[PDB]
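Student: So here's entry.tsv (TSV, C-alpha atoms).
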```tsv
chain	number	residue	atom	x	y	z
E	1	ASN	CA	45.21	-9.90	-35.31
E	2	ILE	CA	44.56	-6.88	-33.08
E	3	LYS	CA	41.44	-8.12	-31.28
E	4	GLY	CA	43.35	-9.92	-28.50
E	5	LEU	CA	45.30	-6.78	-27.68
E	6	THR	CA	42.15	-4.68	-27.80
E	7	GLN	CA	40.44	-7.12	-25.43
E	8	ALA	CA	43.35	-6.63	-22.95
E	9	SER	CA	42.92	-2.88	-23.31
E	10	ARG	CA	39.20	-3.36	-22.70
E	11	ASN	CA	40.02	-5.37	-19.55
E	12	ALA	CA	42.46	-2.58	-18.52
E	13	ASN	CA	39.71	0.00	-18.81
E	14	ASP	CA	37.49	-2.19	-16.63
E	15	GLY	CA	40.36	-2.20	-14.10
E	16	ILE	CA	40.34	1.62	-14.11
E	17	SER	CA	36.52	1.62	-13.82
E	18	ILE	CA	36.46	-0.65	-10.81
E	19	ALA	CA	39.18	1.45	-9.14
E	20	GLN	CA	37.31	4.65	-9.89
E	21	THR	CA	34.10	3.08	-8.59
E	22	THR	CA	35.82	2.12	-5.32
E	23	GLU	CA	37.39	5.59	-5.11
E	24	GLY	CA	34.06	7.41	-5.52
E	25	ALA	CA	32.61	5.22	-2.74
E	26	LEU	CA	35.60	5.86	-0.42
E	27	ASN	CA	35.32	9.61	-1.07
E	28	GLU	CA	31.73	9.26	0.18
E	29	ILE	CA	32.80	7.19	3.22
E	30	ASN	CA	35.42	9.88	3.85
E	31	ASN	CA	32.82	12.65	3.84
E	32	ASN	CA	30.75	10.68	6.32
E	33	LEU	CA	33.84	10.25	8.51
E	34	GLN	CA	34.58	13.99	8.45
E	35	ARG	CA	31.00	14.72	9.59
E	36	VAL	CA	31.43	12.10	12.29
E	37	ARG	CA	34.60	13.96	13.29
E	38	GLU	CA	32.74	17.32	13.50
E	39	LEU	CA	30.13	15.65	15.70
E	40	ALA	CA	32.86	14.19	17.90
E	41	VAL	CA	34.44	17.66	18.36
E	42	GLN	CA	30.94	19.02	19.10
E	43	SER	CA	30.18	16.31	21.65
E	44	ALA	CA	33.29	17.27	23.60
E	45	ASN	CA	31.70	20.66	24.43
E	46	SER	CA	30.88	19.97	28.13
E	47	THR	CA	28.09	22.53	28.05
E	48	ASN	CA	26.14	19.85	26.08
E	49	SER	CA	23.17	18.36	27.86
E	50	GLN	CA	22.55	14.63	27.67
E	51	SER	CA	19.69	15.32	25.25
E	52	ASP	CA	22.22	17.23	23.11
E	53	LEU	CA	24.55	14.23	23.23
E	54	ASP	CA	21.76	11.85	22.27
E	55	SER	CA	21.01	14.04	19.26
E	56	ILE	CA	24.70	14.11	18.21
E	57	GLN	CA	24.84	10.32	18.70
E	58	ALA	CA	21.83	9.83	16.43
E	59	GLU	CA	23.56	11.69	13.58
E	60	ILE	CA	26.83	9.82	14.22
E	61	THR	CA	24.78	6.61	14.00
E	62	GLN	CA	23.21	7.78	10.72
E	63	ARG	CA	26.64	8.54	9.30
E	64	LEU	CA	28.08	5.15	10.34
E	65	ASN	CA	25.02	3.35	8.96
E	66	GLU	CA	25.47	5.13	5.62
E	67	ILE	CA	29.11	4.05	5.56
E	68	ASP	CA	27.91	0.45	6.08
E	69	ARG	CA	25.38	0.78	3.25
E	70	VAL	CA	28.03	2.15	0.90
E	71	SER	CA	30.31	-0.72	1.90
E	72	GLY	CA	27.58	-3.30	1.32
E	73	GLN	CA	25.99	-2.02	-1.90
E	74	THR	CA	28.75	-0.35	-3.95
E	75	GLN	CA	29.47	-2.53	-6.96
E	76	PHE	CA	31.01	-2.79	-10.37
E	77	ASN	CA	29.55	-5.45	-12.64
E	78	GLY	CA	28.26	-7.03	-9.43
E	79	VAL	CA	31.61	-6.96	-7.64
E	80	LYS	CA	30.96	-5.56	-4.13
E	81	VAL	CA	34.22	-3.60	-4.12
E	82	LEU	CA	34.17	-2.70	-0.40
E	83	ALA	CA	32.23	-5.64	1.17
E	84	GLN	CA	35.26	-7.96	1.38
E	85	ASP	CA	39.04	-8.38	1.35
E	86	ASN	CA	39.85	-9.70	-2.12
E	87	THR	CA	42.56	-9.24	-4.80
E	88	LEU	CA	41.14	-8.84	-8.33
E	89	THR	CA	43.48	-9.95	-11.10
E	90	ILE	CA	42.93	-8.25	-14.44
E	91	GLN	CA	44.55	-9.62	-17.66
E	92	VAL	CA	46.11	-6.63	-19.42
E	93	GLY	CA	48.67	-8.48	-21.48
E	94	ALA	CA	48.52	-11.06	-24.26
E	95	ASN	CA	49.63	-14.05	-22.17
E	96	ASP	CA	48.98	-16.04	-18.97
E	97	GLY	CA	49.66	-14.33	-15.65
E	98	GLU	CA	50.18	-10.96	-17.37
E	99	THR	CA	47.88	-9.02	-15.07
E	100	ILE	CA	47.56	-5.98	-12.83
E	101	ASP	CA	46.07	-6.66	-9.38
E	102	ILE	CA	43.56	-4.56	-7.44
E	103	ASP	CA	43.60	-5.31	-3.71
E	104	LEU	CA	40.06	-4.55	-2.49
E	105	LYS	CA	39.38	-4.19	1.21
E	106	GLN	CA	36.30	-4.53	3.39
E	107	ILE	CA	35.71	-0.99	4.57
E	108	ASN	CA	32.87	-0.53	7.03
E	109	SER	CA	32.12	0.75	10.56
E	110	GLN	CA	33.54	-2.36	12.07
E	111	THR	CA	36.76	-2.70	10.05
E	112	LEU	CA	37.28	1.02	10.59
E	113	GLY	CA	36.88	0.49	14.36
E	114	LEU	CA	33.91	2.80	14.83
E	115	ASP	CA	31.17	0.23	15.17
E	116	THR	CA	30.52	1.21	18.81
E	117	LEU	CA	31.67	4.84	18.62
E	118	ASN	CA	29.47	6.47	21.26
E	119	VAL	CA	29.43	9.97	22.77
E	120	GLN	CA	26.33	9.50	24.99
E	121	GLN	CA	26.25	9.51	28.75
E	122	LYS	CA	24.12	7.41	31.10
E	123	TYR	CA	20.95	8.91	32.55
E	124	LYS	CA	20.05	8.13	36.17
E	125	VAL	CA	17.30	5.55	35.60
E	126	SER	CA	14.30	5.39	37.92
E	127	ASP	CA	10.67	4.25	37.95
E	128	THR	CA	7.32	4.60	39.68
E	129	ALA	CA	4.53	2.00	39.79
E	130	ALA	CA	1.86	2.33	37.08
E	131	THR	CA	-1.26	0.42	38.17
E	132	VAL	CA	-2.69	-1.48	35.20
E	133	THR	CA	-6.51	-1.61	34.98
E	134	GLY	CA	-9.48	-3.29	33.26
E	135	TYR	CA	-9.89	-6.87	31.98
E	136	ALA	CA	-9.28	-8.75	28.71
E	137	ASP	CA	-10.89	-11.94	27.40
E	138	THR	CA	-9.15	-15.26	27.01
E	139	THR	CA	-9.58	-18.36	24.88
E	140	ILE	CA	-11.71	-19.85	27.69
E	141	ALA	CA	-15.32	-19.99	26.48
E	142	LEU	CA	-18.09	-19.59	29.08
E	143	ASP	CA	-19.60	-23.08	29.59
E	144	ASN	CA	-23.22	-22.69	30.71
E	145	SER	CA	-24.39	-26.34	30.65
E	146	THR	CA	-23.19	-26.76	34.24
E	147	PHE	CA	-25.57	-24.07	35.57
E	148	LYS	CA	-28.86	-26.02	35.88
E	149	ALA	CA	-27.36	-28.64	38.25
E	150	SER	CA	-25.96	-25.94	40.55
E	151	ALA	CA	-29.32	-24.20	40.68
E	152	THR	CA	-31.46	-27.19	41.72
E	153	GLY	CA	-31.82	-25.46	45.08
E	154	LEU	CA	-34.03	-22.90	43.39
E	155	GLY	CA	-36.33	-25.74	42.38
E	156	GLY	CA	-39.20	-25.78	39.98
E	157	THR	CA	-38.77	-27.88	36.83
E	158	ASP	CA	-35.86	-26.14	34.98
E	159	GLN	CA	-33.32	-23.41	35.60
E	160	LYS	CA	-31.76	-21.82	32.50
E	161	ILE	CA	-29.66	-18.66	31.84
E	162	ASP	CA	-31.36	-16.27	29.42
E	163	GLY	CA	-28.63	-15.11	27.01
E	164	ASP	CA	-25.08	-13.96	27.64
E	165	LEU	CA	-23.50	-13.47	31.06
E	166	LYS	CA	-23.09	-9.84	32.16
E	167	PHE	CA	-19.62	-9.03	33.51
E	168	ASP	CA	-18.80	-6.28	35.99
E	169	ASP	CA	-15.30	-4.73	35.51
E	170	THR	CA	-15.74	-2.91	38.83
E	171	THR	CA	-15.94	-6.14	40.87
E	172	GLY	CA	-14.92	-8.95	38.54
E	173	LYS	CA	-18.30	-10.58	39.19
E	174	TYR	CA	-20.44	-12.14	36.48
E	175	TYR	CA	-24.26	-12.14	36.62
E	176	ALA	CA	-27.07	-14.03	34.86
E	177	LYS	CA	-30.71	-13.58	33.80
E	178	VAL	CA	-32.36	-16.76	35.07
E	179	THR	CA	-35.70	-18.27	34.10
E	180	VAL	CA	-36.79	-20.87	36.65
E	181	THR	CA	-39.53	-22.99	35.01
E	182	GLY	CA	-42.06	-24.11	37.60
E	183	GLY	CA	-40.82	-21.71	40.26
E	184	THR	CA	-42.67	-18.94	42.11
E	185	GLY	CA	-40.66	-15.72	42.52
E	186	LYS	CA	-37.34	-17.22	41.42
E	187	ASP	CA	-36.81	-15.46	38.07
E	188	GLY	CA	-34.40	-12.51	38.08
E	189	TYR	CA	-30.70	-11.72	38.43
E	190	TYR	CA	-28.16	-14.09	39.89
E	191	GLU	CA	-24.45	-13.88	40.46
E	192	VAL	CA	-22.57	-16.72	38.80
E	193	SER	CA	-19.22	-18.30	39.62
E	194	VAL	CA	-16.89	-18.80	36.67
E	195	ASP	CA	-14.23	-21.51	36.57
E	196	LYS	CA	-11.13	-19.50	35.51
E	197	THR	CA	-9.63	-22.59	33.86
E	198	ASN	CA	-12.25	-24.30	31.68
E	199	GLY	CA	-15.06	-21.71	31.83
E	200	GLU	CA	-17.85	-23.52	33.74
E	201	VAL	CA	-20.79	-21.39	34.98
E	202	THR	CA	-22.49	-22.20	38.28
E	203	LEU	CA	-24.97	-20.39	40.51
E	204	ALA	CA	-22.87	-18.54	43.10
E	205	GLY	CA	-23.13	-18.44	46.87
E	206	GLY	CA	-25.95	-20.98	47.08
E	207	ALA	CA	-28.36	-18.12	46.41
E	208	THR	CA	-31.95	-19.04	47.21
E	209	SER	CA	-33.57	-15.95	45.64
E	210	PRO	CA	-32.79	-13.21	43.00
E	211	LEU	CA	-30.53	-10.19	43.72
E	212	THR	CA	-32.35	-7.29	45.37
E	213	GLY	CA	-32.51	-4.55	42.77
E	214	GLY	CA	-31.75	-6.87	39.88
E	215	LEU	CA	-28.61	-6.44	37.83
E	216	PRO	CA	-25.97	-4.08	39.23
E	217	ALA	CA	-25.36	-0.89	37.20
E	218	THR	CA	-21.66	-1.75	36.81
E	219	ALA	CA	-22.41	-5.08	35.09
E	220	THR	CA	-22.61	-3.69	31.53
E	221	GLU	CA	-20.37	-6.00	29.47
E	222	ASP	CA	-21.81	-9.05	27.70
E	223	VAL	CA	-19.16	-11.71	27.79
E	224	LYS	CA	-18.84	-15.04	25.97
E	225	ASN	CA	-15.37	-15.74	27.45
E	226	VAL	CA	-13.62	-15.74	30.83
E	227	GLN	CA	-12.24	-12.32	31.69
E	228	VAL	CA	-8.74	-12.01	33.06
E	229	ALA	CA	-7.35	-8.97	34.85
E	230	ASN	CA	-4.81	-7.00	32.80
E	231	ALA	CA	-2.92	-6.65	36.12
E	232	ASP	CA	-2.01	-10.34	36.09
E	233	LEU	CA	0.25	-9.52	33.10
E	234	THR	CA	-0.76	-12.78	31.49
E	235	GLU	CA	1.23	-12.55	28.21
E	236	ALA	CA	4.06	-10.43	29.60
E	237	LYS	CA	4.57	-12.96	32.37
E	238	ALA	CA	4.57	-15.91	29.95
E	239	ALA	CA	7.12	-14.13	27.78
E	240	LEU	CA	9.33	-13.49	30.84
E	241	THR	CA	9.15	-17.16	31.82
E	242	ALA	CA	9.93	-18.39	28.29
E	243	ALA	CA	12.85	-15.92	28.23
E	244	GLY	CA	14.26	-17.54	31.38
E	245	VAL	CA	13.55	-14.48	33.53
E	246	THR	CA	13.13	-15.44	37.21
E	247	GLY	CA	11.79	-12.50	39.24
E	248	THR	CA	8.32	-11.11	39.80
E	249	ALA	CA	7.10	-8.67	37.17
E	250	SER	CA	5.48	-5.25	37.68
E	251	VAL	CA	4.44	-2.40	35.35
E	252	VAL	CA	6.26	0.88	35.93
E	253	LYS	CA	6.64	4.31	34.41
E	254	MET	CA	10.24	5.13	33.50
E	255	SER	CA	12.00	8.38	34.31
E	256	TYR	CA	15.46	9.53	33.29
E	257	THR	CA	17.52	12.23	34.99
E	258	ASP	CA	20.44	13.95	33.29
E	259	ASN	CA	23.55	15.51	34.89
E	260	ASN	CA	21.68	18.77	35.53
E	261	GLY	CA	18.91	17.26	37.61
E	262	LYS	CA	16.40	17.51	34.76
E	263	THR	CA	14.09	14.51	34.43
E	264	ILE	CA	11.88	13.44	31.54
E	265	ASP	CA	9.31	10.64	31.64
E	266	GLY	CA	9.97	7.51	29.64
E	267	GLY	CA	7.49	4.89	28.58
E	268	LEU	CA	5.92	1.92	30.30
E	269	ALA	CA	8.13	-0.94	31.37
E	270	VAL	CA	7.92	-4.38	32.90
E	271	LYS	CA	10.32	-4.33	35.84
E	272	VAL	CA	11.86	-7.70	36.77
E	273	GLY	CA	14.61	-7.68	39.39
E	274	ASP	CA	16.79	-4.72	38.44
E	275	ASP	CA	16.11	-5.09	34.69
E	276	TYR	CA	13.54	-3.10	32.70
E	277	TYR	CA	11.76	-4.42	29.61
E	278	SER	CA	10.19	-1.78	27.38
E	279	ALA	CA	6.52	-2.48	27.21
E	280	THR	CA	3.43	-1.27	25.43
E	281	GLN	CA	-0.15	-1.10	26.62
E	282	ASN	CA	-2.58	-2.41	24.04
E	283	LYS	CA	-6.14	-1.45	23.09
E	284	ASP	CA	-7.90	-3.53	25.77
E	285	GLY	CA	-5.55	-2.19	28.44
E	286	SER	CA	-3.36	-5.27	28.49
E	287	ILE	CA	0.40	-4.90	28.32
E	288	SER	CA	3.02	-6.64	26.16
E	289	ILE	CA	6.81	-6.60	26.29
E	290	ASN	CA	8.44	-5.25	23.13
E	291	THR	CA	10.09	-7.76	20.81
E	292	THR	CA	12.13	-7.10	17.68
E	293	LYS	CA	11.67	-9.96	15.13
E	294	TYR	CA	14.82	-11.44	13.49
E	295	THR	CA	16.09	-14.16	11.12
E	296	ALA	CA	18.51	-16.98	12.05
E	297	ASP	CA	21.34	-17.02	14.60
E	298	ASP	CA	22.47	-20.57	13.88
E	299	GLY	CA	19.49	-21.16	11.60
E	300	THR	CA	15.75	-20.17	11.81
E	301	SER	CA	13.28	-17.43	12.87
E	302	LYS	CA	13.51	-16.35	16.53
E	303	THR	CA	12.58	-13.62	19.03
E	304	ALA	CA	14.10	-11.75	21.98
E	305	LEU	CA	12.73	-9.30	24.55
E	306	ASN	CA	13.62	-5.57	24.53
E	307	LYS	CA	15.36	-4.49	27.69
E	308	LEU	CA	16.23	-0.87	28.50
E	309	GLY	CA	20.00	-0.40	28.59
E	310	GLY	CA	22.64	0.79	26.16
E	311	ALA	CA	25.12	3.61	26.53
E	312	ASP	CA	22.44	5.98	27.86
E	313	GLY	CA	20.46	3.60	30.08
E	314	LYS	CA	17.30	4.02	27.99
E	315	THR	CA	18.18	2.34	24.65
E	316	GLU	CA	16.21	-0.75	23.71
E	317	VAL	CA	18.73	-3.53	23.66
E	318	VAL	CA	18.28	-7.23	23.11
E	319	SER	CA	20.12	-10.40	24.04
E	320	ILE	CA	20.71	-12.94	21.26
E	321	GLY	CA	23.14	-15.80	21.80
E	322	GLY	CA	25.61	-14.50	24.36
E	323	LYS	CA	25.38	-10.94	23.08
E	324	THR	CA	23.33	-7.79	23.58
E	325	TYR	CA	22.73	-5.66	20.49
E	326	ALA	CA	20.64	-2.57	19.99
E	327	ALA	CA	17.12	-3.54	18.96
E	328	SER	CA	17.27	-1.06	16.06
E	329	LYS	CA	20.12	-3.02	14.53
E	330	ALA	CA	18.79	-6.49	15.45
E	331	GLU	CA	15.38	-5.90	13.77
E	332	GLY	CA	15.00	-8.03	10.62
E	333	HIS	CA	18.60	-9.22	10.88
E	334	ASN	CA	19.99	-12.54	9.64
E	335	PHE	CA	22.93	-13.99	11.64
E	336	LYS	CA	23.10	-16.93	9.22
E	337	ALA	CA	23.46	-14.86	6.04
E	338	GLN	CA	25.33	-12.14	8.00
E	339	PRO	CA	26.84	-13.25	11.37
E	340	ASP	CA	29.86	-11.60	13.14
E	341	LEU	CA	28.83	-8.43	14.98
E	342	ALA	CA	29.42	-5.91	17.73
E	343	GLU	CA	26.95	-5.62	20.56
E	344	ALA	CA	25.40	-2.29	21.53
E	345	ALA	CA	27.72	0.43	22.81
E	346	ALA	CA	28.11	-0.04	26.58
E	347	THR	CA	29.86	3.19	27.59
E	348	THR	CA	31.31	6.40	26.11
E	349	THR	CA	34.22	5.93	23.69
E	350	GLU	CA	37.65	7.01	25.03
E	351	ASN	CA	39.72	9.10	22.61
E	352	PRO	CA	37.13	9.16	19.80
E	353	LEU	CA	39.06	11.71	17.69
E	354	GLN	CA	42.10	9.38	17.62
E	355	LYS	CA	39.90	6.48	16.50
E	356	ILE	CA	38.19	8.53	13.76
E	357	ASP	CA	41.53	9.80	12.43
E	358	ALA	CA	42.84	6.19	12.29
E	359	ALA	CA	39.74	5.31	10.26
E	360	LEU	CA	40.33	8.40	8.07
E	361	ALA	CA	43.91	7.24	7.55
E	362	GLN	CA	42.81	3.72	6.56
E	363	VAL	CA	40.40	5.09	3.96
E	364	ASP	CA	43.08	7.41	2.69
E	365	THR	CA	45.87	4.93	1.99
E	366	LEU	CA	43.35	2.75	0.20
E	367	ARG	CA	42.47	5.75	-2.00
E	368	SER	CA	46.16	6.42	-2.69
E	369	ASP	CA	46.65	2.74	-3.48
E	370	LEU	CA	43.74	2.80	-5.97
E	371	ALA	CA	45.00	5.91	-7.71
E	372	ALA	CA	48.38	4.19	-8.05
E	373	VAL	CA	46.77	1.13	-9.68
E	374	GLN	CA	44.82	3.31	-12.11
E	375	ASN	CA	48.19	4.67	-13.21
E	376	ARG	CA	49.41	1.13	-13.88
E	377	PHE	CA	46.37	0.42	-16.04
E	378	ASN	CA	46.92	3.66	-18.01
E	379	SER	CA	50.51	2.55	-18.78
E	380	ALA	CA	49.24	-0.82	-20.05
E	381	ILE	CA	46.58	0.82	-22.20
E	382	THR	CA	49.19	3.09	-23.79
E	383	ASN	CA	51.50	0.27	-24.76
E	384	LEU	CA	48.56	-1.82	-26.07
E	385	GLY	CA	47.44	1.21	-28.01
E	386	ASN	CA	50.89	1.79	-29.56
E	387	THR	CA	51.06	-1.86	-30.67
E	388	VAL	CA	47.58	-1.93	-32.15
E	389	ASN	CA	48.10	1.40	-33.98
E	390	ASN	CA	51.20	-0.02	-35.61
E	391	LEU	CA	49.36	-3.13	-36.84
E	392	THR	CA	46.33	-1.08	-37.94
E	393	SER	CA	48.45	1.29	-39.98
E	394	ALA	CA	50.18	-1.52	-41.94
E	395	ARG	CA	49.40	-4.56	-44.15
```
Please, can you express the file's structure as structure tokens?
Tutor:
Amino acid sequence: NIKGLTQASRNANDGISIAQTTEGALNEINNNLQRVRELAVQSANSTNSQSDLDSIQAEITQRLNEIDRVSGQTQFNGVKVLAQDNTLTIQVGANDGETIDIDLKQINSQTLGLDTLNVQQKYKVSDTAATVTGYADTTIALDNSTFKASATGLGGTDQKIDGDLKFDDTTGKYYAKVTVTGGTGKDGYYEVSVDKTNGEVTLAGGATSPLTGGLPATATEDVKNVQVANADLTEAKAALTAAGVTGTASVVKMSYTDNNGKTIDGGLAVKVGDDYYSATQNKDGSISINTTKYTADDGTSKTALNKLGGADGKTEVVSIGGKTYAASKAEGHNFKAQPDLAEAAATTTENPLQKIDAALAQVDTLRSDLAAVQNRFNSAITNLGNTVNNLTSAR
């Protein structure tokens, strides 16, 4: 029978295929590393502005991310050839233990030691107060039942509010159309006091007669709920408390100054102590701290707040566990299915060209090793072929 020897040859060709697959992937990782090296040589041109460095860093980050994708996705018959350290044993002979081994290695940004390769420089960070304006409505529904017992001093038979309360975002005062049944000259506009907790509505200031001139011209909003000033940073403040943040919060406008004295404006931020949390101002004028949304850590869905830090002082970072990653990386990430990781780059990498060449050398010996194993498989295939040919041409 020849079929057992041809199966071994078949296995041997799979061994070549998996080595060639790994080799094509490493040639790609190598290209990405050479580009990263060009960028590193470019970044060392001191005439570069910080904005130039940020741009070069973005492309270095793209290159490193691609390397990580290649490492994670490259496969042969499902075998993720560069996602983990593993020795693959391939039966190329007729009997037990007669195999050729392919030592596969996990090759990625981290194992290559370039996971925090950074060429950026810190900007001088500063801010200026940005006064938040307008109001937003809460969950507190305006309870009007309590009005008629607070307006007994108007008299008559019955005092009832006609319709919805009119709010005034210029003063924060609420007003009411009031029909006083039985009264003489008591119908008109009244200012009402609103319980900012449960929403109760009561005649304000023990008014004994309607406002002179009726409803103020600034009282144009018809509210069904208690208004809260966007300046109280209701949600932002609750998020800061739940995060364990102690200081008083304030909304500021960020500014960043490079080494040449040039400053650009940043976005809005919620300043707390010395820390800055990137924020966004919503439709209604309210403000919310940026969050990133991620899976697990030690099991389950969670959330962290985006602070402004990183290697440049303006990168959205995030603290999970006892670490601080970039938010870009941390978004949609699973630390259960994929733990172990480097935080965000903290400073500029010392001797980056040395580090990139060491990564280029790692990739290269692996490639030389794989080419050597292909050679071993070719030798097996030849001997299997000579045996089978002899049997085929005979009997």
Student: Have a look at E:81, E:154, E:223, E:90 and name the one nearest to residue 137 (chain E); count all atoms listed in the file.
Tutor: E:223
Student: Which distance in Å separates CA of residue 365 (chain E) and CA of residue 40 (chain E), to one decimal?
Tutor: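 Between CA of residue 365 (chain E) and CA of residue 40 (chain E) the gap works out to 22.5 Å.
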Student: Out of E:160, E:122, E:37, E:302, which residue has the shortest atom-to-atom distance to residue 53 (chain E) when counting all atoms listed in the file?
Tutor: E:122
Student: Neighbours of region 274-276 of chain E within 12 Å (only C-alpha atoms; same-chain residues fewer than 2 positions away dropped), as number ranges by chain?
Tutor: E: 125-127, 240, 245-255, 266-272, 278-279, 289-290, 305-310, 313-318
Student: Could you please take those selected residues and save C-alpha atoms as a PDB file, in the coordinates of the input?
Tutor:
```pdb
ATOM      1  CA  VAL E 125      17.300   5.550  35.600  1.00  0.00           C
ATOM      2  CA  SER E 126      14.300   5.390  37.920  1.00  0.00           C
ATOM      3  CA  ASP E 127      10.670   4.250  37.950  1.00  0.00           C
ATOM      4  CA  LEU E 240       9.330 -13.490  30.840  1.00  0.00           C
ATOM      5  CA  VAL E 245      13.550 -14.480  33.530  1.00  0.00           C
ATOM      6  CA  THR E 246      13.130 -15.440  37.210  1.00  0.00           C
ATOM      7  CA  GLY E 247      11.790 -12.500  39.240  1.00  0.00           C
ATOM      8  CA  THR E 248       8.320 -11.110  39.800  1.00  0.00           C
ATOM      9  CA  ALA E 249       7.100  -8.670  37.170  1.00  0.00           C
ATOM     10  CA  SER E 250       5.480  -5.250  37.680  1.00  0.00           C
ATOM     11  CA  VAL E 251       4.440  -2.400  35.350  1.00  0.00           C
ATOM     12  CA  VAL E 252       6.260   0.880  35.930  1.00  0.00           C
ATOM     13  CA  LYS E 253       6.640   4.310  34.410  1.00  0.00           C
ATOM     14  CA  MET E 254      10.240   5.130  33.500  1.00  0.00           C
ATOM     15  CA  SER E 255      12.000   8.380  34.310  1.00  0.00           C
ATOM     16  CA  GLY E 266       9.970   7.510  29.640  1.00  0.00           C
ATOM     17  CA  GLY E 267       7.490   4.890  28.580  1.00  0.00           C
ATOM     18  CA  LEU E 268       5.920   1.920  30.300  1.00  0.00           C
ATOM     19  CA  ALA E 269       8.130  -0.940  31.370  1.00  0.00           C
ATOM     20  CA  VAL E 270       7.920  -4.380  32.900  1.00  0.00           C
ATOM     21  CA  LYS E 271      10.320  -4.330  35.840  1.00  0.00           C
ATOM     22  CA  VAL E 272      11.860  -7.700  36.770  1.00  0.00           C
ATOM     23  CA  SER E 278      10.190  -1.780  27.380  1.00  0.00           C
ATOM     24  CA  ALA E 279       6.520  -2.480  27.210  1.00  0.00           C
ATOM     25  CA  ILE E 289       6.810  -6.600  26.290  1.00  0.00           C
ATOM     26  CA  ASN E 290       8.440  -5.250  23.130  1.00  0.00           C
ATOM     27  CA  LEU E 305      12.730  -9.300  24.550  1.00  0.00           C
ATOM     28  CA  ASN E 306      13.620  -5.570  24.530  1.00  0.00           C
ATOM     29  CA  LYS E 307      15.360  -4.490  27.690  1.00  0.00           C
ATOM     30  CA  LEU E 308      16.230  -0.870  28.500  1.00  0.00           C
ATOM     31  CA  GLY E 309      20.000  -0.400  28.590  1.00  0.00           C
ATOM     32  CA  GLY E 310      22.640   0.790  26.160  1.00  0.00           C
ATOM     33  CA  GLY E 313      20.460   3.600  30.080  1.00  0.00           C
ATOM     34  CA  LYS E 314      17.300   4.020  27.990  1.00  0.00           C
ATOM     35  CA  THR E 315      18.180   2.340  24.650  1.00  0.00           C
ATOM     36  CA  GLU E 316      16.210  -0.750  23.710  1.00  0.00           C
ATOM     37  CA  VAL E 317      18.730  -3.530  23.660  1.00  0.00           C
ATOM     38  CA  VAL E 318      18.280  -7.230  23.110  1.00  0.00           C
TER      39      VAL E 318
END
```
Student: In Å, rounded to a single decimal, give me how far CA of residue 107 (chain E) is from CA of residue 335 (chain E).
Tutor: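 About the pair CA of residue 335 (chain E) and CA of residue 107 (chain E): they are 19.6 Å apart.
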Student: Kindly indicate which residue among E:82, E:370, E:12, E:60 lies nearest to residue 382 (chain E), using all atoms listed in the file for the distances.
Tutor: E:12
Student: Neighbourhood query: residues within 6 Å of (-24.6, -6.3, 34.8), file coordinates, counting all atoms listed in the file; return as a ChimeraX atom specification.
Tutor: /E:166-168,215-220
Student: In Å to one decimal, how far is CA of residue 171 (chain E) from CA of residue 203 (chain E)?
Tutor: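 According to the coordinates, CA of residue 203 (chain E) and CA of residue 171 (chain E) are separated by 16.9 Å.
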Student: Could you tell me which of E:35, E:237, E:148, E:3 comes closest to residue 61 (chain E) if we count all atoms listed in the file?
Tutor: E:35
Student: Tell me which protein, DNA and RNA residues are within 10 Å of residue 31 (chain E), counting only C-alpha atoms, leaving out same-chain ones fewer than 5 positions away, and put them as a VMD selection string.
Tutor: chain E and resid 25 to 26 36 to 37 63 67 360
Student: Residue 394 (chain E): which residues within 12 Å, counting all atoms listed in the file, same-chain residues fewer than 4 positions away excluded, as an MDAnalysis selection string?
Tutor: chainID E and resid 1:2 387:390
Student: Would you kindly return, as a ChimeraX atom specification, each protein, DNA or RNA residue with an atom no farther than 12 Å from any atom of residue 379 (chain E), considering only C-alpha atoms and excluding same-chain residues fewer than 6 positions away?
Tutor: /E:9,12-13,16,92-93,100,372-373,385-386
Student: Give me the residues near region 224-226 of chain E as a PDB file with C-alpha atoms, keeping the file's coordinate frame, where near means some atom within 9 Å (using only C-alpha atoms) and where sequence neighbours in that chain fewer than 2 positions away do not count.
Tutor:
```pdb
ATOM      1  CA  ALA E 136      -9.280  -8.750  28.710  1.00  0.00           C
ATOM      2  CA  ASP E 137     -10.890 -11.940  27.400  1.00  0.00           C
ATOM      3  CA  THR E 138      -9.150 -15.260  27.010  1.00  0.00           C
ATOM      4  CA  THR E 139      -9.580 -18.360  24.880  1.00  0.00           C
ATOM      5  CA  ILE E 140     -11.710 -19.850  27.690  1.00  0.00           C
ATOM      6  CA  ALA E 141     -15.320 -19.990  26.480  1.00  0.00           C
ATOM      7  CA  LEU E 142     -18.090 -19.590  29.080  1.00  0.00           C
ATOM      8  CA  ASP E 143     -19.600 -23.080  29.590  1.00  0.00           C
ATOM      9  CA  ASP E 164     -25.080 -13.960  27.640  1.00  0.00           C
ATOM     10  CA  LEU E 165     -23.500 -13.470  31.060  1.00  0.00           C
ATOM     11  CA  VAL E 194     -16.890 -18.800  36.670  1.00  0.00           C
ATOM     12  CA  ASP E 195     -14.230 -21.510  36.570  1.00  0.00           C
ATOM     13  CA  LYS E 196     -11.130 -19.500  35.510  1.00  0.00           C
ATOM     14  CA  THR E 197      -9.630 -22.590  33.860  1.00  0.00           C
ATOM     15  CA  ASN E 198     -12.250 -24.300  31.680  1.00  0.00           C
ATOM     16  CA  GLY E 199     -15.060 -21.710  31.830  1.00  0.00           C
ATOM     17  CA  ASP E 222     -21.810  -9.050  27.700  1.00  0.00           C
ATOM     18  CA  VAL E 228      -8.740 -12.010  33.060  1.00  0.00           C
TER      19      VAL E 228
END
```
